[PDB]
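Student:
Residue numbers (the deposited numbering), protein chains in the order written: chain G, 25 to 108, 163 to 282; chain E, 1 to 59, 65 to 75, 104 to 148, 169 to 219; chain H, 2 to 58, 84 to 173; chain F, 8 to 189; chain J, 529 to 568, 583 to 673, 729 to 821.
1. Taking the straight line between their C-alpha atoms, what separation do you get for residue 180 (chain G) and residue 45 (chain H)?
2. If you drop the 5 nearest sequence neighbours on each side, which residues of the same chain put their C-beta closer than 7 angstroms to that of residue 604 (chain J)?
3. Please find out if some non-hydrogen atom of the ligand ADP comes closer than 6 angstroms to the beta-carbon of residue 654 (chain J).
4. Tell me whether residue 114 (chain E) is buried or exposed, calling it buried when 16 or more other Cβ atoms sit within 10 Å of its Cβ.
5. For the stretch 168–193 of chain G, which residues have a CB atom closer than 9 angstroms to at least one CB atom of chain F, in sequence order?
6. Between residue 216 (chain G) and residue 230 (chain G), which are expected to be in contact by the criterion C-beta below 8 angstroms, what is the C-beta distance as a whole number of angstroms?
7. If you run the structure through DSSP and keep just helix, strand and coil, what is residue 79 (chain F)?
8. What ranges does the alpha helix (DSSP H) occupy inside the stretch 88–154 of chain F, keeping only unbroken runs of at least 4 residues that lie completely in it?
9. Can you pull the chain E neighbours of residue 182 (chain F), defined as C-beta to C-beta under 8 angstroms?
10. Taking any Cβ of chain E, which residues in the stretch 65–92 of chain F have a Cβ under 9 angstroms from it, in chain order?
11. What's the call for residue 53 (chain H), buried or exposed, on a 16-neighbour Cβ count within 10 Å?
12. Mapping the DSSP letters down to three states, classify residue 16 (chain E) as helix, strand or coil.
13. Along the chain, which unbroken stretches of the alpha helix (DSSP H) at least 4 residues long are found entirely within the stretch 174–245 of chain G?
14. In three-state DSSP terms, what is residue 134 (chain H)?
15. Output, in chain order, the set of chain E residues within a Cβ distance shorter than 9 angstroms of residue 167 (chain F).
16. Provide the residue(s) that pair with residue 266 (chain G) in DSSP beta bridges, ordered along the chain.
17. With a threshold of 7 angstroms between beta-carbons, can residue 121 (chain F) be considered close to chain E, or not?
18. Helix, strand or coil for residue 14 (chain H), going by three-state DSSP, please let me know.
19. Are the C-beta atoms of residue 159 (chain H) and some chain G residue less than 7 angstroms apart?
20. List the residues of chain J that residue 136 (chain G) touches, going by C-beta distances under 7 angstroms, in chain order.
21. Applying the criterion that 16 or more other CB atoms from any shown protein chain within 10 Å of the CB defines a buried residue, is residue 740 (chain J) buried or exposed?
22. Name the chain G residues that come within less than 9 angstroms of residue 23 (chain F), Cβ to Cβ?
23. Buried or exposed for residue 771 (chain J), please, with buried defined as at least 16 other CB atoms from any protein chain shown within 10 angstroms of its CB.
24. Just to confirm, is the Cβ distance from residue 9 (chain E) to residue 212 (chain E) under 7 angstroms?
25. Please list the terminal residues of the continuous beta strand (DSSP E) segment that includes residue 92 (chain G).
26. So residue 756 (chain J) and residue 801 (chain J) are in contact, right, with Cβ under 8 angstroms, and what is the actual spacing, rounded?
27. Mind checking whether residue 124 (chain F) and residue 103 (chain F) have CB atoms under 7 angstroms apart?
28. With a CB to CB cut of under 6 angstroms and the five nearest residues on each side skipped, what residues in its chain are close to residue 268 (chain G)?
29. Are the beta-carbon atoms of residue 812 (chain J) and residue 645 (chain J) separated by less than 7 angstroms?
30. For residue 761 (chain J), which residues in the same chain have their Cβ closer than 7 angstroms to its Cβ, ignoring the five residues on either side in sequence?
31. Can you round the beta-carbon distance between residue 123 (chain H) and residue 91 (chain H) to whole angstroms, since I take them to be within the 8 angstroms contact cut?
32. Given that residue 127 (chain F) touches chain H, what residues does it touch there, using C-beta distances under 7 angstroms?
33. Taking beta-carbon pairs under 7 angstroms, can you tell me which members of the stretch 126–139 of chain E lie near chain G?
34. Roughly how many angstroms lie between the CA atoms of residue 55 (chain G) and residue 656 (chain J), to the nearest whole one?
35. Could you check the C-alpha separation between residue 261 (chain G) and residue 147 (chain H) for me, to the nearest Å?
36. Check each residue of the stretch 43–66 of chain F: if its Cβ is closer than 8 angstroms to any Cβ of chain E, include it; give the result in chain order.
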């Protein structure tokens, strides 16, 4: 009973020290787990959502909401640990262009989620506000037959959840472009809206 | 040694997977493989049932590792889960190598090579295809339990293994 | 005395506390009930103006005193997720805040650390008030040690 | 040769590593959505996490036996040693140890010093008596152990996240008398 | 900042010792200050705007808006209007409204719980003559009802039923409690013989010191 939605309390500074209850180190210890356990939890996720949903579209939106609830957490944790606690620190850039948060994703997010850095990151020549984020080998979903793409939305559900909470609202879809020796390649394309673009249209 | 037709049966029913691949021909596959898989399921229990008067112990029941395949899947000699059960069948035209797993699931490799070490390379190969079955079918969410294999990826995971064998 | 707040993106507060020096046992005479929520919502406009610009009136997470208004120095801070850490400075006379940027910037840094510790709970979703007494105990010890 | 030695050898061959923090975040999003959509009725979500864990473990045992070939555990203390020393050591990076047997050696407690399934988690106050957080392993510890025909039942007593001193799970088996004919 | 300076205008106009008549600049000022916050987020500021808007619309003496913004302050009923202190002024701004044109249907339809229509015979010689449904005989039903506001003097008067049969009532002019669920006493249906065919009823008609209003249907379901 400290902060309700009803009032504000007034208590004096330099009073007595209160009790010590719960604390934890924010910086990561290096922890590893097998790929099989997270793959088993991932297929159990897709199995339960296959069980309790009717058609493909709202299944995809529910999986994207599942990814969203990791991404909105993950933004502040990765930026605070890239600016690293009680140790004396200096905060980061807090980047605000479009072309460097995608650089931040392709550099730090994919090398945080996985051992390897993300592969390629190109724009679209035919239209602006379309950005291609591509890998060669999806390590979330390498265990499903390749003709289904909807099970690939969870990771781009992260990316929308990484982007909308960072101040750039957008929308993502994913397709599979079988280019080269990689049969599954998994393009994720990011559709922004107009109302952000003219904002950076206003900023020269 | 050389493997030419692959069969994966259920632990308690008719078979889930069958491929007569690398025989450049058409043989019949419709509805007699279910009957022959059920008779293998019966006669494994029949072949376990009769006891010759040995009454001793395992003094054994462990191969080694010939580096079959192609970082392999395992680097040490290992153990076996069918002490008193059918292990191969040997005829004029083929030898059938069978390997079951401790959960009750069995794997059948019909081999057109004709006439000890074959058991070692067979148990090594069928343990490797058990590893690819665990790593590529059991992880799949669309695959329900005790249903026919529908994965397209498991196909070129095993075709490449067989064409890496020879 | 200082009024401290953390405000959401859809203009709602998740944390609010007012802490005073013990000489004035009652703090902020008559401003506390009416003036201090309204001038904070007024300052949210200009913090929303300066969040998207590049070169201020470096590093964009901290920023100085954003306005001066009835002799009150209003100091802001912008987190990575868009949360805004507006905290005002009152006194009977005028107040100097820029000399405490050696200390108050660090105060915003570990209360940002405390907010990241709050956010990592999977049960705690955003647009929820931070109804935890442990958070109060840490932020008033940080208010004591960063006076 | 010994299981407590060769589990580390399997920990450095054909276990592709992934960060445990991602595993915690996706499990936390699962239990957060399960909390939200069941209208805060916290006794049902332990049953639903058990129903997820049964389907985890009944497919996990055929990967565990594939990655490491073992004979059947001839007594249930060897079951406790493999669950202490290779089962949770290959998949997760944790080495729990066994204590608190029943006197007829039917029941064993798996004391678990730290859980890498719940790092950042703090429970809400209304759920503080009726939600065991990391329930999912219990379904696994039914499922896998139900497929080697050790017909057991798995349940919690206490955990650190509920304010108690320690996390331990007590499992006892009922009957077996069933196995492959070979 | 426009919100703050319109608040300054309105509080400076509040504190004058003079009197001022009605003028439609006040009308457009009130609609732009209510529409300026997205009312029809933070809730304390919405309370602190319309708690001044009700005072200015009292000082102008246009009772339609003090009735309207009282029936907008009903949205913030269950928190941040404290235990009959601010609800005291929420009463004394709504009593001259309810003795005037404010005849709206008592702020919410969430009053009536699931009433039970049993009857209690006393003879074993008569039991269910015939050839879920109730099979009512010559005895009396029961209702129970609540309100949730911190105010007192919720006053039900003349509770009776719908366009159903000759089921009637007698008198109900008594009170009902502030927070609790006061069970209203015996309504005493004086039923008439009709045809066997069944048809359920949604609710019954209750006035709150007004004319008898519409349904105020039962919670969570129709509860037939």
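Positions of the beta carbon are idealized from the N, C-alpha and C atoms, including for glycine.
Tutor: With the structure as the only source:
1. The residue given as residue 180 (chain G) occupies position 102 in the first chain. The residue given as residue 45 (chain H) occupies position 44 in the third chain. Their backbone Cα atoms lie some 28 angstroms apart in a straight line.
2. In the fifth chain, residue 604 (chain J) corresponds to position 62, counting from 1. Contacts found: 550.
3. Ligands are entirely absent from the displayed structure, and the ligand ADP is therefore not among its contents.
4. As a working mapping, residue 114 (chain E) is identified with position 81 in the second chain. So residue 114 (chain E) counts as buried.
5. 190, 191, 192, 193
6. Mapped onto the first chain, residue 216 (chain G) falls at position 138. Mapped onto the first chain, residue 230 (chain G) falls at position 152. With 8 angstroms as the limit, residue 216 (chain G) and residue 230 (chain G) qualify as a contact, their Cβ atoms being about 7 angstroms apart.
7. By one-based count along the fourth chain, residue 79 (chain F) stands at place 72. In the structure shown, residue 79 (chain F) sits in coil (DSSP, three-state: anything other than H, G, I, E or B).
8. Listed in chain order, the complete alpha helix (DSSP H) runs (minimum 4 residues) inside the stretch 88–154 of chain F are 143–153.
9. Stepping through the fourth chain from its first residue, residue 182 (chain F) is reached at position 175. Those do not exist, as residue 182 (chain F) stays about 18 angstroms from chain E at its closest Cβ, beyond 8 angstroms.
10. 65, 66, 67, 68, 69, 70, 71, 72, 73, 74, 75, 76, 77, 78, 79
11. Taking the third chain and counting its residues from 1, one reaches residue 53 (chain H) at position 52. Exposed: under 16 other Cβ atoms inside 10 Å.
12. As a first step, residue 16 (chain E) must be located in the second chain, where it is residue number 16. If DSSP states are grouped into helix, strand and coil, residue 16 (chain E) belongs with coil.
13. 176–182, 188–191, 231–241
14. If you number the third chain from 1, residue 134 (chain H) lands on position 108. Residue 134 (chain H): helix per DSSP, three-state reduction.
15. The residue labelled residue 167 (chain F) in the question sits at position 160 within the fourth chain. Scanning chain E for C-beta atoms nearer than 9 angstroms to the C-beta of residue 167 (chain F) yields nothing, as the closest lies near 31 angstroms away.
16. Within the first chain, numbered from 1, the residue matching residue 266 (chain G) stands at position 188. Bridge partners of residue 266 (chain G): G:211, G:252.
17. Counting from one through the fourth chain, the residue named residue 121 (chain F) turns up at place 114. No, no contact with chain E.
18. For the purposes of this step, residue 14 (chain H) is identified with residue 13 of the third chain, where counting begins at 1. If DSSP states are grouped into helix, strand and coil, residue 14 (chain H) belongs with the strands.
19. Numbered from 1 along the third chain, position 133 holds the residue referred to as residue 159 (chain H). Closer than 7 angstroms to some Cβ of chain G, the Cβ of residue 159 (chain H) qualifies, so yes.
20. Looking at chain G, the numbering goes 108 and then 163, which leaves residue 136 (chain G) without any coordinates in this model.
21. For the purposes of this step, residue 740 (chain J) is taken as the residue at position 143 of the fifth chain. Residue 740 (chain J) comes out buried.
22. Here residue 23 (chain F) refers to the residue found at position 16 when the fourth chain is read from its first residue. 58, 59, 60, 193, 217, listed in chain order.
23. Taking the fifth chain and counting its residues from 1, the one referred to as residue 771 (chain J) is at position 174. Exposed, because fewer than 16 other Cβ atoms sit within 10 Å of the Cβ of residue 771 (chain J).
24. For the purposes of this step, residue 9 (chain E) is taken as the residue at position 9 of the second chain. For the purposes of this step, residue 212 (chain E) is taken as the residue at position 159 of the second chain. No, the pair does not count as a contact, with Cβ atoms beyond the cut-off.
25. Translated into positions along the first chain, residue 92 (chain G) becomes position 68. Here residue 92 (chain G) belongs to no beta strand (DSSP E); instead the alpha helix (DSSP H) covers 80–106.
26. Translated into positions along the fifth chain, residue 756 (chain J) becomes position 159. Translated into positions along the fifth chain, residue 801 (chain J) becomes position 204. About 7 angstroms separates the two Cβ atoms, so the contact holds.
27. If you number the fourth chain from 1, residue 124 (chain F) lands on position 117. If you number the fourth chain from 1, residue 103 (chain F) lands on position 96. No, these two residues do not count as a Cβ contact at 7 angstroms.
28. For this step, residue 268 (chain G) is matched to residue 190 along the first chain. If we look at residue 268 (chain G) and ignore the five residues flanking it on each side, its Cβ neighbours are 209, 248, 250.
29. Counted from its first residue, the fifth chain places residue 812 (chain J) at position 215. Counted from its first residue, the fifth chain places residue 645 (chain J) at position 103. Cβ atoms of residue 812 (chain J) and residue 645 (chain J): not closer than 7 angstroms.
30. Numbered from its first residue, the fifth chain carries residue 761 (chain J) at position 164. Correct list, in chain order: 798.
31. By 1-based counting over the third chain, the position of residue 123 (chain H) is 97. By 1-based counting over the third chain, the position of residue 91 (chain H) is 65. So it is a contact: roughly 5 angstroms between Cβ atoms.
32. Your numbering for residue 127 (chain F) matches position 120 in the fourth chain. Listed along the chain, the chain H residues whose CB falls inside 7 angstroms of the CB of residue 127 (chain F) are 146, 147.
33. none
34. Here residue 55 (chain G) refers to the residue found at position 31 when the first chain is read from its first residue. Here residue 656 (chain J) refers to the residue found at position 114 when the fifth chain is read from its first residue. Each residue's alpha carbon lies about 56 angstroms from the other.
35. The count along the first chain starts at 1 and reaches residue 261 (chain G) at position 183. The count along the third chain starts at 1 and reaches residue 147 (chain H) at position 121. When the Cα atoms are used, residue 261 (chain G) and residue 147 (chain H) turn out to be separated by approximately 38 angstroms.
36. 65, 66
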